[PDB]
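Heads up, the thing below is written out as structure tokens.
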Number of protein chains: 2
Amino acid sequence: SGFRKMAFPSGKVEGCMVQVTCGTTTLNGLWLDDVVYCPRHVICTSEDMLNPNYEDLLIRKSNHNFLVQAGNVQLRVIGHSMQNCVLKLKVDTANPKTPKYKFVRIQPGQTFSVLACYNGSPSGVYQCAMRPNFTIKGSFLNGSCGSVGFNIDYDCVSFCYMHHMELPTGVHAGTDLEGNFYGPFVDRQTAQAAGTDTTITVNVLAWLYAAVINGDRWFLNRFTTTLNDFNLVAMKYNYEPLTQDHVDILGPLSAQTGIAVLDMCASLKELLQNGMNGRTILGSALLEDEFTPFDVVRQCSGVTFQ
Amino acid sequence: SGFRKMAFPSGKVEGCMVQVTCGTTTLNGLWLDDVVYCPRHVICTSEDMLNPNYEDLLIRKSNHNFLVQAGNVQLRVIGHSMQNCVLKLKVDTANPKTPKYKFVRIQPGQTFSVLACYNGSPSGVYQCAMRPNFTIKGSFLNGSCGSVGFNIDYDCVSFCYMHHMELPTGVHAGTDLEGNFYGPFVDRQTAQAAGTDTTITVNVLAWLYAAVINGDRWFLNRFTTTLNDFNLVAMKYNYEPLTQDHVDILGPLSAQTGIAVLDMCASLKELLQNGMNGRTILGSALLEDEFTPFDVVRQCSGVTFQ
Ligand SMILES: *[C@H](O)[C@H](C[C@@H]1CCNC1=O)NC(=O)[C@H](CC1CCCCC1)NC(=O)[C@@H](NC(=O)OCC1CC1)[C@@H](C)OC(C)(C)C
Ligand SMILES: *[C@H](O)[C@H](C[C@@H]1CCNC1=O)NC(=O)[C@H](CC1CCCCC1)NC(=O)[C@@H](NC(=O)OCC1CC1)[C@@H](C)OC(C)(C)C
């Protein structure tokens, strides 16, 4: 019993965090094998923030401009290359702590654990979702750039996020580990705003299944709904459209609880139209949308990682 | 910016989790130096659950009854001793991954990270508080016993919780690492209930400071309040009494935000009496009480761990 925003165990990633200093900029890098990945705006200065030509900026760099600290051991950069918005610093030492890992570009709606770091030292771990507007509602201060988001699958760390910047609304934007921003954002200080976000409907439904698995039933009802009539209601309340693929993905949870997906949709419909009327679901007074169907099954069933 | 329920990085603890099997019972143990700590009800069977004499049960055990798996390496038990409700299995191998660590018995209201584990394999990490009624609102399934809760201070893991049991309300009860239950609970299957819980007032106030640090101000007001008149209101809404010591602890947050503690109390008073009126604080529609003042300062300022 119980349901918590659960992050993956972070140790496999902690072992990869390093400090990258270039000029007056310090941020975090991800040390996998003999490469340190970090946001390319590490090669920018206080005047370089605005409209930088990173190819120009980078050819003016030498390897010894890049100060990579792995704890209390200075790593020597022997080469560098820029891939989209990530800098790849080739170092002379392979990280002996390199986990089995993949780089994955996730879809919006997908969740991940963020290992927040400063000066290459992990500070905290929390679960985020990639919002539909490709921002993440993170917790990031100055120096957190290069902190990564990740999922773990048995023994394999799937890195999916590297932190680059905070938008004026206080949400966060970054890239996959191959340096491609999530969303329309660019790594240059110009007018950029998040764009209107929407609620991740399939995740809300998953969490409603989590609630039923855990003994909250007060929100269930007799009614059912069609996928279209649900989506017409979702529509109004700024909810992401629910697709048939979403429905299928919610299959196991529907099968475990005996609640047809569209029945749960009928329940969410009435939740959207009636509020919760002073009640809570899984300790929340809001409809929670940062658990995927996978998240619910993993935590309500006990999947682990070796 | 941003504010998240942040757990500590779990790697230092992941390196200590092991599987302890005795008879038909498998649970987790905590391997520090050459000792494996685990709940003593590992020596119980399906009929032994009810009113066991653990001293009786334990003298009937031999060391080879204890099967300790550290990943894929069998640890040999060379001795065992029971300390309150924890079993200490002496093994012939010191954990090379043993962090700097302390055992600490925390006060209610204090938070910690739980590294949820099954079969000695970490499954997830989340932040909990010790509730005023000495339960924790955890996320725990069969086999999670022996999962530990912890805080990290620079390099030192302060273990404060070991998981033992779920109560009928779905909340969780366990011990400190010296085997002393938090609360009135005992490790034997009898009528035990959590006892009425209360909201951790000083933590709610801390989180209100977190909100102001992060730019939510809608709940602040002109008014102030006396500590007594606040506590008379807290009283009604099942809030833990706020002490002067609590006030002092909220000092730095008051100093950082320029909001006197009792002014923030006046704000919480009106939140308790007016609800939030369809508004949210730090993405919550409830008053959140599982951030300590320390938690807020750490995350709003960036404290890390080497
Ligand atoms: C890296 O450690 C740091 C992390 C952020 C600081 C505060 N919280 C964070 O997540 N990232 C930055 O400081 C970047 C700097 C680079 C400069 C080169 C271009 C990419 C960003 N900047 C920010 O995140 C600022 N955001 C910003 O400038 O946005 C302007 C519009 C382009 C989006 C932050 C620090 O400024 C504000 C807090 C938004 C005022
Ligand atoms: C250990 O892995 C396991 C973890 C719990 C299982 C479900 N969630 C958990 O946190 N712990 C147990 O199964 C203990 C077994 C020992 C037996 C010897 C005495 C101490 C507990 N039991 C429970 O947590 C049960 N709770 C219980 O029996 O409470 C009865 C009153 C004494 C409190 C759970 C499994 O049963 C219910 C879910 C409450 C029905």
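For the range A:22-67, what is the charge dipole size about the Cα centre, in debye to the nearest 20, if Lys and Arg each add +1 at the Cβ and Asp and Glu each add -1 at the Cβ?
Values: 3 positive and 6 negative charges, 15 e Å.
Around 80 debye, computed over the range A:22-67.
Say a label goes 7 Å from Cα toward Cβ at residue A:90 in every copy; what distances in nm does this one have to the rest, shortest first?
Computed spacing set for this position: 5.5 nm.
Around residue B:249, under 14 Å between beta carbons, what's the net of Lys plus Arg minus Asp minus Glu among the other residues? Mind dumping the intermediate values first?
Details: positive: B:298; negative: B:240, B:245, B:248, B:295.
With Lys, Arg at +1 and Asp, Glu at -1, the net is -3.
Give me the inter-chain shielding for A:296-306: mean count of other chain Cβ atoms within 10 Å, whole number please.
On the way: counts 0, 0, 2, 6, 2, 3, 13, 4, 11, 6, 6.
What the average comes to for A:296-306 is 5.
Please enumerate, by chain and number, the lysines with C-alpha under 22 Å from the C-alpha of residue A:61, excluding those fewer than 8 residues away in the same chain.
Result set, ordered by chain and number: A:88, A:90.
Which FRET efficiency, nearest 0.05, do residue A:81 and residue A:33 yield, Cβ-Cβ r, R0 25 Å? All intermediate terms of the calculation are to be shown ahead of the outcome.
On the way: r = 14 Å, r/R0 = 0.58.
After rounding to 0.05, the efficiency reads 0.95.
Quick one: order A:64, A:41, A:172 by neighbouring beta-carbon count within 10 Å, fewest to most. Show your work: numbers first, answer last.
Numbers: A:64 8, A:41 22, A:172 28.
Lowest count first: A:64, A:41, A:172.
Going by how many other Cβ atoms sit within 10 Å of their own, how do A:113, B:46, B:301 line up, fewest first? Show your work: numbers first, answer last.
On the way: A:113 26, B:46 9, B:301 13.
The most exposed by this proxy come first: B:46, B:301, A:113.
Convert each backbone phi in the range B:192-199 into a coupling constant with the Karplus relation 6.51 cos²θ - 1.76 cosθ + 1.60 (shift: θ = phi - 60°), then list the ³J(HN,Hα) values in order as whole Hz, x for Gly and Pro.
9, 10, 4, x, 4, 9, 9, 7
Using a Cα-Cα cut-off of under 21 Å, which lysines could be cross-linked to residue B:269, ignoring same-chain neighbours fewer than 8 residues away?
B:236
If you take each beta carbon of peptide B:115-122 and count the beta carbons of other chains within 10 angstrom, what is the mean?
Values: counts 3, 7, 4, 4, 3, 2, 8, 9.
For this peptide, the per-residue mean of nearby foreign Cβ atoms is 5.
Sorting B:223, B:3 on the 10 Å Cβ count, fewest up front, what's the list?
Numbers: B:223 12, B:3 26.
Fewest-to-most ranking of B:223, B:3: B:223, B:3.
Students often forget the sequence filter, so: which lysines lie under 16 Å Cα-Cα from residue B:137 once same-chain residues fewer than 8 apart are removed?
Partners within reach: A:5, B:5.
Report, in debye and to the nearest 20, how large the dipole of the range A:198-301 comes out about its Cα centre when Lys and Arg carry +1 and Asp and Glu carry -1 on their Cβ. Write out the running numbers ahead of the final one.
On the way: 6 positive and 11 negative charges, 65 e Å.
With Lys and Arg at +1 and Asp and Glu at -1, about 320 debye.
For the range A:90-140 and the range A:11-72, what is the separation of their Cα centres, given in Å?
About 16 Å separates the Cα centre of the range A:90-140 from the one of the range A:11-72.
Kindly give the distances from residue A:222 to its copy-mates, label point to label point, with each label point 7 Å from Cα along Cα→Cβ, as nm values to one decimal ordered shortest first.
Reported distances to equivalent positions: 5.1 nm.
With r as the distance between the Cβ atoms of residue B:64 and residue A:280 and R0 = 35 Å, compute the FRET efficiency 1/(1 + (r/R0)^6) and round to 0.05. If you can, show how the numbers build up before the last one.
Numbers: r = 49 Å, r/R0 = 1.40.
Calculated value: 0.10.
How charged is the neighbourhood of residue B:216? Take every other residue with its Cβ under 14 Å from the Cβ of residue B:216, and add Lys/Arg as +1 and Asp/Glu as -1.
Details: positive: A:137, B:217, B:279; negative: B:288.
Value of the local net charge: +2.
I'd like the Karplus ³J(HN,Hα) series for the range A:54-71: coefficients 6.51, -1.76, 1.60, θ = phi - 60°, whole numbers in Hz, and an x wherever there's a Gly or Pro.
Karplus values, whole Hz, x for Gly and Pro: 5, 5, 3, 4, 7, 5, 7, 7, 10, 3, 6, 5, 9, 9, 10, 10, 9, x.
Express in whole angstrom the spacing between the alpha-carbon centres of the range B:152-173 and the range A:183-225.
30 Å
Closest beta-carbon to the B-to-A rotation axis: which chain B residue owns it, and what is the separation in whole Å?
Rotation axis B onto A, closest Cβ, rounded to whole Å: B:11, 1.
Taking a point 7 Å out from Cα toward Cβ as the label site, list the nm distances between residue A:76 and the same residue in every other copy, smallest first.
Ordered by distance, the counterparts are at 4.5 nm.
Could you compute the net charge surrounding residue A:290? Neighbours are other residues with a C-beta less than 15 Å from the C-beta of residue A:290; K and R count +1, D and E count -1. Write out the running numbers ahead of the final one.
Working: positive: A:4, A:5, A:131, A:137, A:298, B:4, B:5; negative: A:197, A:240, A:288, A:289, A:295.
The answer is +2.
For n ≥ 4 DSSP H runs only, could you compute -39500 (n - 2.57) per run for chain A, divide by its residues and tell me the 222 nm figure to the nearest 500?
Values: 8 runs with 69 residues, N = 306.
That calculation yields -6500 deg cm²/dmol at 222 nm.
What residues from the range A:178-221 fall in the zone where the backbone N is under 17 Å from a label point 7 Å along the Cα-to-C-beta line of residue A:55?
So the set is A:187.
Work out the length of the dipole vector of the range B:15-99 about its Cα centre, built from +1 on the beta-carbon of each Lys and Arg and -1 on the beta-carbon of each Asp and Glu, and round it to the nearest 20 debye. Could the numbers behind the result be given before it?
Values: 7 positive and 7 negative charges, 35 e Å.
So the magnitude is around 160 debye.
Read the figures in this text as sums done on the coordinates, not as results from a lab. All Cβ positions, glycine included, derive from the backbone under ideal geometry; neighbour counts span all protein chains shown.
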